[PDB]
Structures are given as C-alpha cells and as structure tokens.
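Structure at a glance
Spelled out, the chains give:
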Amino acid sequence: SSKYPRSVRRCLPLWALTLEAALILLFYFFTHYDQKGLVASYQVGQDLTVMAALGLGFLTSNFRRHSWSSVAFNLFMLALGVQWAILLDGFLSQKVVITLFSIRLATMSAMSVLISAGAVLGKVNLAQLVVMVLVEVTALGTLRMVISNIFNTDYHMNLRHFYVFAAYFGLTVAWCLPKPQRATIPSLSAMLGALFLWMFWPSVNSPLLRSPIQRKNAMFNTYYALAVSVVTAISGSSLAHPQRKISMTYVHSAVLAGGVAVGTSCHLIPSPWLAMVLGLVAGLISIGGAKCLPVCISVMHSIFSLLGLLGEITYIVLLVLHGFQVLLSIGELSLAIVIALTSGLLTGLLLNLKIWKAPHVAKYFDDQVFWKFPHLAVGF
Amino acid sequence: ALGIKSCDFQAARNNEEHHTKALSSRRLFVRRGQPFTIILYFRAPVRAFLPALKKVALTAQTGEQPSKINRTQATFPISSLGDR
Amino acid sequence: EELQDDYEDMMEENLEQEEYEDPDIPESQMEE
Amino acid sequence: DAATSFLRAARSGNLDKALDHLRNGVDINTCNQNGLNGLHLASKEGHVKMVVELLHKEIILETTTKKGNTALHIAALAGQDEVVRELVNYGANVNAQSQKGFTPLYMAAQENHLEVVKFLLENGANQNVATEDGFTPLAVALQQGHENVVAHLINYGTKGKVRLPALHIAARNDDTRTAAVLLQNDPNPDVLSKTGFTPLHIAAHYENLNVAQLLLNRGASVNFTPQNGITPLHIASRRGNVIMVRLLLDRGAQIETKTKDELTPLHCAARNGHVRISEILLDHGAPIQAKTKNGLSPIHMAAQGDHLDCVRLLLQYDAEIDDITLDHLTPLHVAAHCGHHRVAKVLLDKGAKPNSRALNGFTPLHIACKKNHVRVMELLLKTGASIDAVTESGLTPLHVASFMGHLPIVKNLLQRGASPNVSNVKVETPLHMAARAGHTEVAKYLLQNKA
Ligand SMILES: CC(C)CCC[C@@H](C)[C@H]1CC[C@H]2[C@@H]3CC=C4C[C@@H](O)CC[C@]4(C)[C@H]3CC[C@]12C
C-alpha cells in the first residue's frame with residue numbers, strides 16, 4: 001500500500017468536532033455547578049494538571065522526529081480525557097456535580113490514559129488516540145465500579161489501581177499494533193518533563209486522601225522514596241547498559257520508580273526509612289528490568305508494569321500489618337489486571353481498523369505524517 | 001450456467017512451442033516454466049464474464065499421492081493477477 | 001542477485017572486451 | 001460509468017475488471033477530476049501487474065496530473081519501489097519536473113524512501129535540480145532529518161547513471177514487450193551505453209533472437225562498430241551463437257570487419273573452437289588468411305586453443321599450414337608452445353614442416369623441449385624433426401632441456417641419440433647449462449652419459 005499518509009482533512013475535524021459537540025450537549029443535560037481552603041484544594045488538582053500536561057507530554061518527546069506529536073497529542077488527549085472522565089465518573093457513581101475534587105479525579109483518570117499512550121505514541125494518529133482515550137477512560141471507570149460493587153469500596157477510592165491498570169492497558173494496546181532514535185535536544189526536553197513528574201509525584205500519591213495526617217505521611221514517604229530511587233537509577237544505569245554509560249532514556253522513567261513503588265501504600269508506611277528501603281528496592285528492580293527484560297515493545301513500559309505489580313505486592317505485605325484480606329486484595333488486583341488486559345485487547349483490535357487511516361509501519365515516529373512542514377510536495 | 005462442454009489442450013501448437021513436437025501431436029508435452037495454451041468450451045453462453053471467472057479455479061496434480069507440501073499439487077485461480 | 005547484470009560495470013565484465021584483442025605473442029627469451 | 005469503474009478497478013488493483021473495461025472500449029487515457037489516469041492510481045497503490053499491463057496496452061507514460069505529477073512522481077512519493085523500478089524499466093523520465101518543480105528524487109528524499117532514492121540515483125537522477133523555492137533533495141532531506149537519505153545523497157554525489165539503459169536491460173532478458181514499449185516511446189534502437197555498446201550487442205551476446213529481430217526490424221545497425229571495433233557479428237561468433245550469427249549475416253552483417261586489434265569474426269570463432277560458426281563464416285566469404293596486428297591467422301588461434309576440429313575444418317578450407325606470425329611462428333610452433341600434441345599431430349599429418357624456424361631460430365622441437373612437452377617432442381621426432389637442429393645462438397634441443405631442467409626430455413633425447421657434447425656460440429655444453437641453472441639430476445644424467 002501507499003506509504004504516503006492518506007488525507008485526514010475529513011476524518012479528524014469531523015471526529016473531533018462531533019466529540020466536542022456531544023460533550024457539550026452531555027454537560028448541558030447532566031452537569032451542574034457547586035471557601036477557606038479553595039486555593040489549597042485547587043493546588044492539588046493544578047499539580048496533577050501540570051504533571052499530566054508537561055511531564056507526560058514532554059517525557060515521551062525524546063524521539064528524534066516525534067517530539068511535536070508527543071507533546072501536542074498528549075495535550076489533546078488530556079483535554080478530551082478530563083471532560084469524558086467528568087461525565088463518566090458522574091454517570092457511574094450516582095446529576096453530575098462539578099467540583100474541584102471532581103476535576104482532580106477526572107485529571108487522574110486522564111493521566112492513566114496518558115501513561116498508557118506512551119507505549120503506543122509514534123505508531124498511531126490522533127483519531128486512534130481519541131478512541132484509546134474514550135475506551136480506556138470507560139474501562140477504568142467500569143473497573144472501579146465493579147470493585148465498588150464487589151468489594152464494597154468507594155468508587156473514587158478505587159482509582160488507586162491506576163498505575164497497574166495504565167501500565168498493562170498500554171502494554172496490551174502496543175502489543176496489538178503492527179510491528180515497525182533519540183536526539184540531544186528532545187532528550188533535554190524529556191528530562192524537563194521527567195523532572196516535573198518526579199517533583200510533583202507526591203501530589204499523585206495523595207489526591208484521594210481526605211485526612212491531613214495521611215496526606216502528610218504519604219507525601220513525606222513519596223518524597224524520600226523518590227529521592228532514593230533517583231540516586232539508585234542514576235548510579236545503576238551504567239550496570240544495565242552494554243557500553244557502561246548512563247542512559248538518559250532509562251533515567252527519564254527510572255526516576256519515578258520509588259514513587260510507583262510506594263504509590264498505593266505511602267499512607268500506611270509509618271517511618272521514612274521503610275519508604276526509603278522501598279525506593280531503593282524499586283531502583284534495584286528497575287536496574288534488573290532494564291538489564292533483563294529486553295532479553296525476554298517499550299522496555300520502560302515493561303518495567304513500569306513490573307513496578308506497579310511490585311507496589312501492589314508491597315501494599316499486600318503492609319496491609320496485613322496495619323488471611324482473608326490477602327485473598328480479597330489478590331482478587332482485586334487480579335480483576336484489575338484482567339480487565340486492563342481485556343480492554344487493551346479490545347482497544348487494539350479497534351485501533352487496527354482500516355478507517356482510522358493509521359500511519360504506515362515504515363512511517364512510525366515521524367512528525368511529517370501528522371504535521372505541516374515547508375518545501376514539501378503535497379498530494380498527487 | 002458454467003457447465004463445461006470440452007477442453008482443447010492444443011497439443012500440436014503447444015508441442016511446437018515447447019520443442020516436444022517430435023514426441024507427439026496429440027498428447028500434450030510441455031516444458032516447465034513456459035506458458036501453454038488451452039481452450040475451455042462451455043455448454044451454454046457465458047453471460048457475465050467476471051463472476052464466472054471468480055467462480056472457476058484450476059488444480060494440477062502429479063503422482064499417486066499429490067500434496068501441497070510435496071509440491072505435487074497446486075490450486076490456482078484463472079486471473080490476470082496470477083504469479084506467472 | 002538476479003539484478004547485477006543491469007549495471008554497466010557488470011555488463012562490461014560480462015561482455016569481456018579483452019577476449020576480442022590479440023593479447024601477446026610470448027617468447028620468454030632463454031638468455032638474460 | 002465505464003471510465004469511472006475502470007479508474008476504480010485501477011485504484012483497487014482489479015486487473016480482470018480493468019481489462020474487461022478496456023476490452024469493452026474504455027479509453028485507457030481517461031483520468032479523474034484530479035487528472036489521475038489508471039497508471040497514476042496503480043502507481044499510487046503499488047499494483048505492479050496493473051502498471052505493467054497498462055504500459056503494455058499503450059498508456060501515455062509521461063502523462064501529468066493537474067499538479068504536474070507523472071506516474072513516477074506518484075510512485076516515488078508513495079514509496080512504491082517495485083512500481084518505480086518497473087516505470088524506469090519502461091522509460092519513465094527520472095528527471096521529470098512537476099509544476100512546482102519537484103522531481104521524483106525530491107519526492108523520495110522528502111518521504112525518507114531510501115531504496116527509491118538509491119534506485120533513482122543509479123538511474124541518472126540529478127540531485128542538483130532545484131524546485132521553484134530553490135530547495136534540493138539534499139536540502140529537504142536535511143530539513144526533515146532523514147539522515148540515511150542525506151548520507152546516501154552526499155556519498156553518491158554526481159557519479160551518474162550506473163545502471164544500463166532500459167533497452168539494454170530489455171535486450172538482456174529477451175523481453176520483447178518492454179523493448180516494444182521503449183521503442184514506441186524512444187525510436188532509437190541504437191541507444192549507447194557508457195561502454196559504447198548497443199542493445200543489439202547485448203542481444204547477440206545472450207543469443208536473444210526475439211529482441212534482436214525486433215531491434216533489427218526497428219532500424220538497428222547490424223554493422224554498428226564502436227571504438228573498440230566489436231560488431232555484433234564479432235560477439236555472436238565469439239560466443240558460439242550459431243543462430244545469431246546466421247540472423248546477423250542474413251540482415252547484412254559484414255564478414256571482413258576488423259576489431260581494434262584487427263580480429264575478424266572468423267578469428268573470434270576459431271579462437272573459441274566454434275566449428276559450425278567458422279564454416280558458416282567461410283561459406284559467406286570470410287578470408288581464411290586474415291591476420292591480426294601480430295600476424296595471427298585463424299589457424300593460429302585454433303591451435304592456441306587446442307581446438308582440434310576447428311584446425312581440421314580450417315585445413316580443409318585451404319588454410320595455409322605454414323603461415324607465420326610476425327615472430328615467424330607457424331601453427332606447429334603454437335601447438336608446441338601450448339603443449340597441444342593433438343593439434344601437432346593433425347598439422348604434421350597434413351604436411352606442416354617439422355623444422356620451421358622462428359625469429360631466433362627456434363624449431364618446434366626446441367619450443368617443445370623448453371616447455372617440457374614430451375608428447376609434442378615424441379610426435380615431432382616421430383615425423384622427421386631434427387634432433388640436432390641449432391638456433392641462431394647454437395642451442396640444441398638438449399641444450400634447452402638441460403637449461404630448463406626437464407629430466408624426461410633430457411632422458412628421451414639422450415636415449416634417441418643426441419650428443420651431449422654439442423656447444424653453443426660460446427663454448428658451452430648442455431652440462432654447462434645444467435651447472436649454471438643448478439639442475440643436479442639433469443647434470444647427473446648428463447655425466448652418467450658421455451658428457
Ligand atoms: C428452499 C428449498 C426447499 C428449495 C430452493 C432451491 C432453489 C431456490 C435453488 C436450489 C438450486 C438453485 C440453482 C442452482 C444453480 C443454478 C445455476 C446458475 O447459473 C443460475 C441459478 C441456478 C439455476 C440456481 C437457481 C436457484 C436454485 C434452483
């Protein structure tokens with residue numbers, strides 16, 4: 001088939017405008033409005049927004065000729081995902097009352113999709129990413145509602161599983177795609193994104209904590225675990241590389257190792273030494289995954305999935321201290337992984353449809369497929 | 001409506017083209033890798049050529065136990081997109 | 001493979017211009 | 001409805017439906033509202049068989065779209081390698097320019113189509129042709145970050161067309177369809193390669209009778225002599241292509257044409273031992289006594305190649321058995337030099353003089369003894385060759401053999417009654433030569449004899 005991209009002049013605008021019109025109509029029909037800590041509560045959601053846009057958009061900008069698409073497509077996906085998540089958490093957890101807390105939770109739902117998209121960025125166009133956003137937000141909401149119905153937990157509190165759900169969903173969608181690199185300046189921009197993610201990840205580890213002391217302890221644990229993980233990741237990178245040099249690409253994701261490791265249990269860790277130990281173990285596991293997983297597509301997504309699983313395991317280990325609860329939590333994790341993989345299969349089969357006008361496999365990771373550039377021959 | 005009346009293998013012409021005319025003028029002797037011509041005769045006039053072409057395939061077999069893995073059996077359609 | 005003969009150098013080597021020339025009439029003088 | 005359906009079939013690659021439409025009477029040069037004919041759509045979608053069939057049905061190859069794009073432009077932008085190769089094989093202009101000045105190489109370079117870029121460069125695409133904005137393929141490749149395309153464009157530079165012309169390629173494969181399309185487009189059957197050879201030369205080399213007949217019927221020169229002087233008849237005679245030789249002779253090929261080294265087609269036939277070709281050329285009037293720059297007649301060439309039956313046929317056609325080169329070498333001298341005792345037997349049985357003298361006085365016996373050719377030696381001594389003949393320097397065959405250290409030759413010469421006490425111009429016996437060359441065994445057999 002032709003390696004020259006098909007015109008999306010009718011598909012993409014119609015798709016995006018119809019989506020926006022439908023969202024506006026649903027907001028009109030189903031959403032409704034409504035102090036001292038107004039700015040303080042706004043800042044947590046703002047920090048999540050800063051992470052979702054800047055850190056996640058630039059973290060994947062490391063590709064040589066795909067930085068524009070990474071950043072701008074992440075922005076588009078965030079804008080769509082927050083609106084759709086507001087509507088979906090409204091529908092599955094009751095009209096929809098819009099508060100800053102609801103915007104914060106919808107932002108978390110959007111960041112789940114934004115994390116998943118890193119495994120597929122450079123291999124899809126904007127319409128495929130729209131489909132991925134819609135289906136993944138719906139699947140995450142369905143998983144949370146199922147957990148709320150079965151295990152009698154709160155719908156909003158079930159959003160803790162979003163690391164492991166995002167990792168396995170992204171891996172599955174990437175596995176379904178057809179089968180197919182760095183530059184210095186995009187690497188520095190990706191480092192900017194990784195630094196913002198690393199700096200504000202304590203805001204990821206406590207949006208859903210109502211109590212102040214729980215937020216305090218979780219934030220402290222995330223901060224110290226992230227510091228330890230940064231040191232371990234930078235130092236051990238030379239071991240897990242053929243040329244014995246530090247890999248910037250490895251550092252960009254392995255900095256977040258401790259934050260993911262303590263993500264679901266930072267509120268239950270009682271002393272900073274335990275969080276520091278967990279950050280160290282996360283860094284060592286990151287070294288091992290970098291050195292061993294490529295032997296057995298995105299390796300960084302693979303070690304992210306392993307680290308999310310490890311965070312769930314350490315939550316299981318800690319939850320006993322603070323065996324039927326073990327069985328219930330293992331069933332919860334297994335259900336989360338099963339739903340993530342199944343919805344990832346469905347999303348990948350939907351993405352493989354011809355009508356999406358997906359880029360040719362010879363044109364992966366290239367901004368010229370989607371973006372205007374000067375002095376190019378256009379059309380036939 | 002796609003019944004076959006007869007098939008002419010054109011042994012004389014093909015044997016002349018395939019340098020086997022000394023062998024026979026009645027039996028079809030052909031050499032591999034080079035095309036030969038046959039004429040298929042239908043009992044009734046063929047109304048629509050393209051659906052009829054979609055309806056017909058050819059099979060060549062050699063030996064007592066022909067199979068694809070032995071390359072002793074090949075099934076191919078009648079189309080201009082065939083591998084010559 | 002199967003397309004090297006489409007190039008001018010390979011065709012030149014295939015046509016063997018040296019085979020149409022009188023190479024030499026060697027004597028190999030016994031003395032020196 | 002019919003033209004639109006034909007264009008849809010061309011887009012989808014439905015060759016059967018498109019061929020049915022063309023049989024019905026649809027104009028093959030019809031195009032859509034964008035100016036894309038069936039060839040353009042097939043080149044876009046990479047349908048190689050459809051492209052080939054439409055070229056065979058006489059579609060205008062250089063038809064441009066409303067944007068000035070030829071089929072090669074569209075195949076290069078779409079990255080259809082096989083379509084690009086096929087279009088170039090049928091005579092697509094690799095340096096064609098659209099309305100905005102884009103070339104196929106520019107389109108391939110901007111789309112990071114490395115294989116298309118390399119193929120176009122090998123086919124003479126000029127990378128210096130700029131667009132109306134002044135951009136080159138290198139410039140757009142640099143702007144888009146296509147590092148491999150940039151590297152290949154720099155490394156190629158201005159080397160030029162290293163592929164053969166398309167008609168030479170067609171003649172090499174005996175492909176009459178592509179040659180017919182090419183000659184319909186370009187009516188010159190004598191297109192020159194960089195080496196100076198016509199497609200008729202290639203057809204004669206491979207004995208491609210069909211394309212040779214087509215080229216000759218379209219006005220190819222049967223007598224095209226390049227600078228080296230190698231006509232197609234020379235090539236066909238050298239390669240042993242009997243049917244090509246007959247065809248070329250029937251179309252007016254000259255029998256007496258000489259190459260740069262004054263080789264006739266009979267020289268080439270005799271050099272490689274082609275008896276039937278030599279007989280055909282002789283029956284057409286080829287001079288059997290023609291000489292090269294070194295004075296070699298065809299019997300010399302046949303003796304040089306150990307071509308016994310060619311020597312027999314030349315002798316039957318009244319070739320001079322004692323013809324000499326500029327070094328006064330007879331065919332018997334050549335047969336002795338190369339060790340061909342069968343050729344020597346045929347020559348001696350037909351009356352060749354066994355004691356012919358070369359420039360330095362060497363007989364065939366001297367040359368056989370020099371090169372350790374014992375069978376030629378016994379054959380010559382069996383047919384009255386002088387065992388005591390001397391050269392201008394007074395060298396006997398025993399002298400030569402002792403200097404070269406050929407023990408069997410020395411043994412046979414002394415057993416047949418050669419005196420070991422002969423002397424050179426300087427008083428130097430065979431024992432002197434053996435001592436000087438340090439041949440201990442030859443000297444020992446000499447001393448055990450009467451030396
Ligand atoms: C519903 C059951 C009981 C009976 C239905 C059978 C009828 C509808 C089917 C069975 C076999 C069919 C026929 C099979 C073959 C041909 C040849 C084709 O070139 C024209 C149509 C024709 C002639 C078909 C017409 C429809 C047909 C007669």
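Residues numbered from 1 in each chain as written, not as in the entry; some residues may be left out. Chains lettered and ligands numbered in written order. Part of a larger assembly, values for the part shown. Heavy atoms only, no water. Residues with missing side-chain atoms left out of burial classes, pairs and counts.

This entry, as listed in the PDB, derives from cryo-EM and reports a resolution of 2.4 Å.

Here the entry title, as the record gives it, is "Consensus refinement of human erythrocyte ankyrin-1 complex (Composite map)".

Going by what the PDB entry lists, chain B is known as Protein 4.2 and is assigned to Homo sapiens.

**Remarks on the overall build of chain B**
Under the convention used in this document: Elements are defined by DSSP. Helices are runs of H or I of four residues or more, strands are runs of E of two residues or more, and each kind is numbered from the N terminus. Radius of gyration: C-alpha atoms only; globule rule: 2.2 Å multiplied by the number of residues to the exponent 0.38. Throughout, a contact is declared for two residues whenever any of their heavy atoms are within 4.5 Å.
The secondary structure content of chain B amounts to two helices and four strands. Secondary structure of chain B in N-to-C order comes out as β-α-β-α-β-β. Relative to the compact-globule value of 12 Å for 84 residues, chain B shows a C-alpha radius of gyration of 15 Å, a clear excess of over 25%. Contacts in chain B between residues at least 24 apart in sequence constitute 38% of all its contacts with a sequence separation of at least 6.

**Remarks on the overall build of chain C**
Within chain C, the secondary structure is distributed over one helix and zero strands. Along the first, second and third principal axes, the C-alpha set of chain C runs to 50 × 15 × 10 Å.

**Considering the interface of chain D and chain C**
When the parts of a complex come together, some accessible area is lost, and that lost area is often used as the size of the interface. Rule in force here: Only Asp, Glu, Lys and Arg are considered charged in this grouping, and only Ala, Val, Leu, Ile, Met, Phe, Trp, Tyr, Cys and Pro are considered nonpolar; every other residue, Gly among them, is considered polar.
Taken together, the 38 residues of chain D in the interface contact 23 residues of chain C. Of the residues that constitute the side of chain D that touches chain C, the class distribution is 17 nonpolar, nine polar and 12 charged.

**Thoughts on helix α2 (residues 15-24) of chain D**
Residue and element names in this part refer to chain D. Put simply, the rule reads: Three labels apply to residues, based on accessible area from a 1.4 Å probe with only protein chains included: buried if under 20% of the type maximum, exposed if over 50%, partly exposed otherwise in between.
Taken across its 10 residues, α2 has seven buried, putting it largely inside the fold. Of the residues making up α2, those classed as buried are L15, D16, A18, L19, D20, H21 and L22. Taken from the residues just after α2, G25 is the one with a positive phi, measuring 135°.

**Re the interface of chain A and chain D**
The criterion, for reference: The term buried area means the drop in 1.4 Å probe accessible area that two parts suffer when joined, counted for both and summed. Put simply, a salt bridge is a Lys or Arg side-chain nitrogen that is within 4 Å of an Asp or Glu carboxyl oxygen. Here a polar contact means two N or O atoms within 3.5 Å. Within protein one must be a hydrogen donor candidate and the other an acceptor candidate, and residues neighboring in sequence count only if both atoms are side-chain atoms.
Between chain A and chain D, the contact holds 19 residues from the first and 26 residues from the second. Counting each side, the surface lost to burial between chain A and chain D is near 1900 Å², with a carbon and sulfur contribution of 46%. Among the residues chain A hides against chain D, the three largest losses belong to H375(A), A377(A) and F380(A). Together they make up 38% of the total. Counting every contact that joins chain A to chain D gives four salt bridges. Seen at the junction of chain A and chain D, the total is 16 residue pairs in polar contact.

**Description of unusual backbone geometry**
What you tend to see is this: most non-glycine residues have negative phi, and most peptide bonds are trans. Residues and elements named next belong to chain A. We note that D34 has phi near 60°; this positive angle belongs to a residue other than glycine. In this fold, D34 is placed in the loop between β1 (31-32) and α2 (38-59). Residues other than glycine seldom take positive phi values, yet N152 does so here, at roughly 60°. Given a relative accessible area of 67%, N152 falls into the exposed group.

**Looking at helix α13 (residues 199-206) of chain D**
Among the eight residues in α13(D), eight count as buried, and that is most of the element. When we look at burial in α13(D), the residues that qualify are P199(D), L200(D), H201(D), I202(D), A203(D), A204(D), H205(D) and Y206(D). The elements touched by buried residues of α13(D) are α1 (8-15) of chain C together with α11 (166-172), α14 (209-217), α15 (232-238) and α16 (242-250) of chain D.

**Some remarks on the packing of aromatic side chains**
All names here are of chain A. As a reminder, the rule being used: Pairs were defined over the aromatic rings of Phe, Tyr and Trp, the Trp ring being its six-membered one, requiring ring centres within 6.5 Å. Orientation was assigned from the angle between planes: stacked under 30 degrees, edge-to-face over 60, tilted for the rest.
On inspection of all chains with the given rule, the structure shows 17 aromatic pairs over all chains. Where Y364 meets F365, the ring centres are 6.3 Å apart and the plane angle is 85°; that geometry is what we call edge-to-face. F365 sits in the buried class, given a relative accessible area of 17%. Following the ring pairs from residue to residue traces out a cluster consisting of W68, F73, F370, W371 and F373.

**Notes on the state of the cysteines**
Residue and element names in this part refer to chain A. Selection rule: To count as a disulfide, a pair of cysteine sulfur atoms needs to be within 2.5 Å.
Summed over the entire model, instances satisfying the criterion amount to zero disulfides over all chains. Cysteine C176 remains unbridged, with the sulfur of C296 as its closest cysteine sulfur at 19 Å. Of all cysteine sulfurs in the structure, the one in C292 sits closest to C296, which takes part in no disulfide; the separation is 5.5 Å.

**Structural notes on the packing of helix α18 (residues 275-283) of chain D against helix α20 (residues 308-316) of chain D**
Residues and elements named next belong to chain D. We count it as follows: All axes here are fitted lines through C-alpha atoms, helices being fitted over the stretch that makes contact, and every angle between N-to-C directions spans 0 to 180 degrees. Any angle between 65 and 115 degrees counts as roughly perpendicular, while under 35 counts as roughly parallel, over 145 as roughly antiparallel, and the rest as oblique. Here is the rule for handedness: rotate from the far helix to the near one, and if that takes an anticlockwise turn smaller than a right angle the crossing is left-handed, while a clockwise turn gives right-handed.
Interaxial distance between α18 and α20 falls to 9 Å at its minimum, and their mutual angle equals 20°. The pairing of α18 with α20 is recorded here as roughly parallel in orientation. Between α18 and α20 the crossing geometry is right-handed. Taking contact as the criterion, the partners of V275, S278, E279 and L282 in α18 are, on α20, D309, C310, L313, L314 and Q316.

**Concerning a positive patch on the surface**
Applied cut-off: The patch calculation keeps residues exceeding 30% relative accessible area without a salt bridge and links them within 9 Å when they carry like charges or within 5 Å when they are nonpolar (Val, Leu, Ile, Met, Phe, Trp, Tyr). For every accessible area listed, the method is Shrake-Rupley and the probe measures 1.4 Å; residues are considered covered only by the protein chains on display. Under the counting rule used here, the positive set is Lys and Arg, the negative set is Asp and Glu, and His together with the chain ends is not counted. A single reference atom marks each charge: NZ on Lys, CZ on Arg, CG on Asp, CD on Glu.
A cluster of basic residues, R9(A), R10(A), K354(A) and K357(A), forms a positive patch at the surface. Structurally, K354(A) is set in the segment after α13 (324-351).

**A short note on the nonpolar core**
To keep things clear, this is the line we draw: What we call a nonpolar core is a set of buried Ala, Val, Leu, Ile, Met, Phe, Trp, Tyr and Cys residues that are connected through their side-chain atoms within 4.5 Å.
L248(D), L281(D), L314(D), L347(D) and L413(D) are the most contacted members of the largest nonpolar core, which totals 100 residues. When neighbours within four sequence positions are excluded, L314(D) is seen to be in contact with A270(D), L282(D), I288(D), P298(D), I299(D), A302(D) and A319(D). Ranked by size, the runner-up nonpolar core spans 95 residues in total, among them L114(A), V133(A), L274(A) and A340(A).

**Re the environment of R218(D)**
Residue and element names in this part refer to chain D. Structurally, the position occupied by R218 is in the loop between α14 and α15. Given a relative accessible area of 37%, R218 falls into the partly exposed group. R218 sits 46 residues away from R172 along the chain, and the two C-alpha atoms are 17 Å apart. Setting aside its immediate chain neighbours within four residues, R218 contacts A180, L183, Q184 and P189.

**Side note on the pattern of salt bridges**
Across all of its chains, the model carries 21 salt bridges over all chains by this definition. Overlapping salt bridges bring together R6(A), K44(D) and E45(D) as one network.

**Section: a nonpolar patch on the surface**
Residues and elements named next belong to chain A. Together, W273, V277, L280, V281, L284, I285 and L306 give the surface a local cluster of nonpolar side chains, amounting to about 590 Å² of exposed area. A total of six residues in the nonpolar patch trace back to one element, the largest contributor, which is helix α11 (residues 272-292). Its place among the elements puts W273 in helix α11.

**Overview of the packing of helix α5 (residues 71-78) of chain D against helix α6 (residues 81-89) of chain D**
Two quantities define a packed helix pair, namely the angle between the helix axes and the distance between the axes. All names here are of chain D. Where α5 meets α6, the closest approach of the two axes is 9 Å, and the angle between their N-to-C directions is 155°. Between α5 and α6, the crossing angle belongs to the class labelled roughly antiparallel. Here the hand of the crossing between α5 and α6 comes out left-handed. Contacts between α5 and α6 involve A71, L72, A75 and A76 from the former and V83, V84, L87 and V88 from the latter. Looking at the contact of α5 with α6 residue by residue, the class counts come to eight nonpolar, no polar and no charged.

**A few points about the side chain of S187(A)**
Residues and elements named next belong to chain A. Examined against the element boundaries, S187 turns out to sit in helix α7 (residues 184-204). In this structure the side chain of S187 is engaged in a polar contact, spanning 2.6 Å, whose partner is the backbone oxygen of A183. Apart from residues lying up to four places away in sequence, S187 is in contact with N62, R182, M248 and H252.

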